[PDB]
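Let us start with two forms of the same protein chain, each given on its own as structure tokens and named structure 1 and structure 2.
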Structure 1
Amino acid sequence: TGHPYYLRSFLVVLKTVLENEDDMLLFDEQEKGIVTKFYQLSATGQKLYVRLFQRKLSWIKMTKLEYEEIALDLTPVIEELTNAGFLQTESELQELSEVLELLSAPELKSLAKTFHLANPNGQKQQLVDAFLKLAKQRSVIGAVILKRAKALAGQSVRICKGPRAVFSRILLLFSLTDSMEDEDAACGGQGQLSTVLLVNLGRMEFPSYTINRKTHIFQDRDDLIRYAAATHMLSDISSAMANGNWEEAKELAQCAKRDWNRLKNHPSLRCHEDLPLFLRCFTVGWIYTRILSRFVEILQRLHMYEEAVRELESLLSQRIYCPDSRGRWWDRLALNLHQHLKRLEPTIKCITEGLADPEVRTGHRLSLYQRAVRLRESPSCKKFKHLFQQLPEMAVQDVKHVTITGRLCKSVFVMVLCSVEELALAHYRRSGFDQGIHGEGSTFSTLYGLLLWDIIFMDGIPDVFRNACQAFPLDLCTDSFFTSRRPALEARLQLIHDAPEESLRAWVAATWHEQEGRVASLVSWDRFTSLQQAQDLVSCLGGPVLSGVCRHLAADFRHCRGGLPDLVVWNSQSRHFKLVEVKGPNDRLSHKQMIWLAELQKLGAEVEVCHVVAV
């Protein structure tokens, strides 16, 4: 462990995936050997590879490579990696567009000149398109350009794409069990370790649980490769959207929409369809559906609202993939029909079916009910009685609103510089709550985590723990997390409800002491300032409330994890607390948020929206 941080982290990944019997079925021998080859390198040889694996994939000037901590002179090390088959040298640098790319605009000028036919000025981009048109006609002069371009660029290494590929697939796999260590790190461009992972994994200590895998996710190394392909596609589409190239993204999508209807009969699907949901998210079909969702987003941006409706109706026609997404869809469907396609007939059928789908929850549920009333009680609609149709009167109860002012300067205010939220925490200090946290959902989530820790990492649920560095059972964000643990859950949620404020102070003390540091997705250790703070807070919150919140989180974290209030403020001595949703000059309450506030009131908790106006 004179291994620097980035190497320790890389090794954990390799180990974690290599000890999966199931995972190792999806690598041929050729592939498997490369890993051995890695392990065979010297410590130096390894350090340097990780560095370069992490760097962008392409050619690097030998003079641009400095790691003192690896060695003062890296030529030996490079030679090892070359011989090993991991790194290639300027010697294999053959493509012109590659040689040019590697050179600086300065150098590009020096070659634009010492070639008489070249206009020595313009951008770097131009001089390239130039030198490439020239070598394409008079080929024999092109080989002389390349000859110098090379000699001019210098000594240069590149990571070999082939072995690289194996490590990315390993990284990909590591990342399913770490939720998705990132779609951006693993799934796109190509796999590197996320920043946080690369830094911390080597030090991280995980909650103890029992690995118990009883089902395969992938049929064979082929299924993996098809999945990896869909993954990369979704990544490149998301990437396009991000860079605003909505035209490219529409193609890319349609492209993928073919391929998916191409796979729609293949043997493998039968088995995937059959997986429990918490695993079904790791299949081609799930990724293709996810892609089709982005596609309706794209149809929407390009304002093609008829198509988007078709696509939404397609997605909703099946319950196989992404059922957690139907709420987003039904809502999105209805919004399109009502707003954009003014078809008031379907808007109702839509809203009706949607609200009859036990799949839709919280925010979207509310948002459909709200459109219903706005619609039924509208004259532009009155010539009907098809929405009086027994709509359960989910009239989200009304909440105390409050307003304060702050001197404006994400929006920054002054009081020293601070946030909308910090400004309010102040108003509340002078309102006689000496104590507060700005924690949004993590305050509550880590309390749920502290109180149910042992039930979460409980033994006896097949398939939820598949390997070594999990921070949660894979079914955590499913309807099955609760069903698979009903009896234990009902029991614990009851105890908590009746617990007096010392049993709580004690249960928390317990987990805290036994688990402090351990990486669990629900628990932020620095979220409270000390164990003592946590105990204060639970004391104020009290069982019935602590129970109610925990019940929602475990029952349906997927759809309840967001829209809890920004602030918790309590009075130390008086034990009175308030749950505050800060609303700066430019944001209102989302449906998710008005559900939470309602539900927190029912639990009998002081809830308040605190509007901030600027000066």
Structure 2
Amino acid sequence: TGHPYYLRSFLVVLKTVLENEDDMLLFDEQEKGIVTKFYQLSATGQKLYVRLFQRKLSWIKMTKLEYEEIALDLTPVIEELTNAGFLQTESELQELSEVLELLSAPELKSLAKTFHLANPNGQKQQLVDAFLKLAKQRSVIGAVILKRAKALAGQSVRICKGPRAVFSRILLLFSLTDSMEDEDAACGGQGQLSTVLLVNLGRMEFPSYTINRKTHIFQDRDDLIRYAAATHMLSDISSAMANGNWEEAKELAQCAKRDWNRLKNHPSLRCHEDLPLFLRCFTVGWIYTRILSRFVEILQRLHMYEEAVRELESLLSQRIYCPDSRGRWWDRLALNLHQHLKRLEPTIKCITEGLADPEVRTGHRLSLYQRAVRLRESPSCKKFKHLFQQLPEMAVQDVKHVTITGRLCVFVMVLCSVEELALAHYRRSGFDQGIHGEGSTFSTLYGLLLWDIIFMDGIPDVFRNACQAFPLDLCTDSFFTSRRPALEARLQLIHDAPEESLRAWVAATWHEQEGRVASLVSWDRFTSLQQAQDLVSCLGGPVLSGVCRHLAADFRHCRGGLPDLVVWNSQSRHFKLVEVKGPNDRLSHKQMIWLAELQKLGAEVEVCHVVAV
């Protein structure tokens, strides 16, 4: 008797957001009215509204509307949605470009023929700009075009842009907790969730934690309307780039940059600057800063390197927004000055400042240092002794490299990946066991051993609503420092743990939490609780402790770069950590920091190159 998936999900979103008094203050009388109206619709009225909300926003031929599961003939249901002001019919179709756009090319040809002043053959787009130019001069004859255009097309519906705007803002709010933050996912229509969420959110069970908020993110309905606006803008720049429309992208960004400069001084911005970082990421300035970053990516594409340097120097001169992205920017600035603008003098100042900024970490930090040596250890450069200025010699210990071969075809051993091929070589190297997990092997172990500390009470504002799969500060520096004594304790305990405590603890979280959606944990990463326990037996306390300290101290900068593979031997307990390298992938900076660190914790690390044959 349950609702179809798309409905359950939609309703979950509605509930999750609205049961916060804070959040309700961001919707007026009129708007809440609409929300109630939705709940008043019949089931069939709801299923359909959601379907069409989940589709693209424009007119649709009533002939192209089939949903048997909803209702066998939809006329009643459409009437209802029209009565409610959720849907509008053809009678409100007045703008011409809309009538035409609705019509197909075969329909456009039939309309290019009965009208004499029109050329019958050509592309749909052509016939469009033609019929448009035709009506803009002799308006009166254009009125009878629109007349038949409508009559031809038949019956048509559209989602009403009024309420639509409300449900989006709601969906936008919901997305702050789970979505958007946990990667920038799919989302169709005009404002939506990730596929995962839309399909499953109804079924999903979450880690239990206590909602506790004490800080407003948005000042009023306006703040949230402005944030959404920038969000919409970024989404357009992002999309443009993905479609390779780099020029459109450039303009749109220039436009955005404009507005963000015009936007400073507004009273609301002082409030934002005061928000802790893990909340500051949901503010107009943050989104606008994000857009500036994309803007540097656009300039670079268009070989406008001086411009990109100017932009990067701008971004880097403020500490307010997106501080976590400083590494990427310092790194990018140095590459640009050194490689493209060939300006060696600044490249050093750049490198030096980057390395003096505590915000740069792991990969990017190493990358700067390496450029700095490549530079000091250069002739053209020797005209100086300023890279001699106390560079903390960050020499990375070296790592056993290994090469095997496999027949290329996707490889063959069955069609198989580069990783499974390696898993074979290790199987015949006396490691009967193996997981291909990359970061989630370690990550889910980190989750299992720290669950309760991760979903711990007492930190204001980190749980804002019912559908979180992590505390909002997880990827900030404040995650550790807020939970410092607790972590330091658990870490010490894990370090000292004999290999039955480790098995016990894992099982303790596993048995109570199995299934619960938690960003850190993949319940199917390990083929059973038993495998999870065998692995924690091989790695032992100290190794598990070290790995967790990093993942908890600085998840944002450490989440990436761990090896693809873990392999171990059941009876001997020997394990090895393997970073598989295809013919075309080499060691990233984050990868080399990780392998050094795992070596430091005393663990067999090995890079396995797979040559094609």
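Quick note, the numbers are simply positions in structure 1, starting from 1. Only the largest set of C-alpha atoms that superpose within 1.5 Å between the two forms is called the rigid core.
Put simply, after the core is superposed between structure 1 and structure 2, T114 is the one residue in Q532, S503, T114, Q318 with a Cα shift of at least 2 angstroms. If you fit the rigid core between structure 1 and structure 2, you'll see the Cα of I217 move by less than 2 angstroms. Annotation: Cα of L263 displaced by less than 2 Å between structure 1 and structure 2, core superposition. After superposition on the rigid core, the Cα of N83 moves by less than 2 Å between structure 1 and structure 2. Once the two forms are overlaid on the core, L93 shows a Cα shift of 2.3 Å between structure 1 and structure 2. With both forms fitted on their core, the C-alpha atom of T483 sits 0.4 Å from where it sits in the other form; this compares the forms between structure 1 and structure 2. For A186, the displacement of the CA atom between structure 1 and structure 2, after superposition on the rigid core, amounts to 8.2 Å.
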